[PDB]
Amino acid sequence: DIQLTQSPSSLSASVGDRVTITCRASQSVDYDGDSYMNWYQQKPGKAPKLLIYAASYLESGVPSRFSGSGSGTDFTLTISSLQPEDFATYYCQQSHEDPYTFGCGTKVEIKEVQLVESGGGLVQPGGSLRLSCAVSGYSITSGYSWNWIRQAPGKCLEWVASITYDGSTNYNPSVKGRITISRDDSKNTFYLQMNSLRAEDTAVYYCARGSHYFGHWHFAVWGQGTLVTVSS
């Protein structure tokens, strides 16, 4: 399990300043001359947004003031000139091998396809949950893979499960045995079934689509997230 160390964990800067964030990986994420490191931006209340994939490639629509660099175990995200709209939390993520892992984020404080989750709510410990991600504006059969990713309260992002276009499923060993992912083409929906829930399963659960390119396991499209609360 590749672990990612993000530094600093938070920082204050002024508009117009250069900002640099570093990500250290506990193991190389290089493969065939490329580095499978990705950067996301998350504003409060919203799902993460993909900024960078394969260490240095800009996602479409991302402003040129964002740049990524590095290789091996050592990676950097640079904002050349901080703008007001850049106050957010920034996450690195490796897509070199499963389980795909995220850093715990850098909070930067200053001075068409749509995915809709349902099925969350308050459950008792030991109970079960079923989440659905309805895909609209896009055929579920067109996607390379569909994923569930959860965000524990005030904590790091955790990839949980995936199903590819050929039906192959994959789970994070942190949850495996209590979790099933499934797909329904005729309803353009996929599902997460959760059983024997524990308190550490309390989180916002996101659905997200994988990519056909550049190692697949970075996530350009996310749902709104649904809150699962396991309490008494």
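Quick note: we count residues from 1 along the sequence shown, nothing fancier.
### Message
Can you tell me how many deposited residues have no coordinates between residue 111 and residue 112? The categories are none, 1 to 3, 4 to 9, and 10 or more.
### Response
10 or more residues are missing.
### Task
Tell me which of 54-62 and 202-210 has the higher mean C-alpha B-factor in the deposited entry.
If you average the C-alpha B-factors of 54-62 and of 202-210, the larger mean comes out for 54-62.
### Task
Read off the CA B-factors in the entry, average them over 148-156 and over 128-136, and name the higher stretch.
That would be 148-156.
### Task
Using the entry's values, work out which of 42, 189, 195, 38 has the largest Cα B factor.
Among 42, 189, 195, 38, the highest C-alpha B-factor in the entry belongs to 195.
### Query
Which of these has the highest Cα B-factor in the record: 77, 122, 82, 161?
Of the options given, 122 has the highest CA B-factor in the PDB entry.
### Query
Sorting the chain's CA B-factors, does residue 49 end up in the lowest, middle or highest third?
Its C-alpha B-factor, which the entry lists for residue 49, ranks in the lowest third among residues of this chain.
### Query
Which third, lowest, middle or highest, does the CA B-factor of residue 71 fall in along this chain?
Answer is highest: the recorded C-alpha B-factor places it there.
### Task
Classify residue 115 as lowest, middle or highest third according to the C-alpha B-factor given in the PDB entry, relative to its own chain.
Middle third by C-alpha B-factor.
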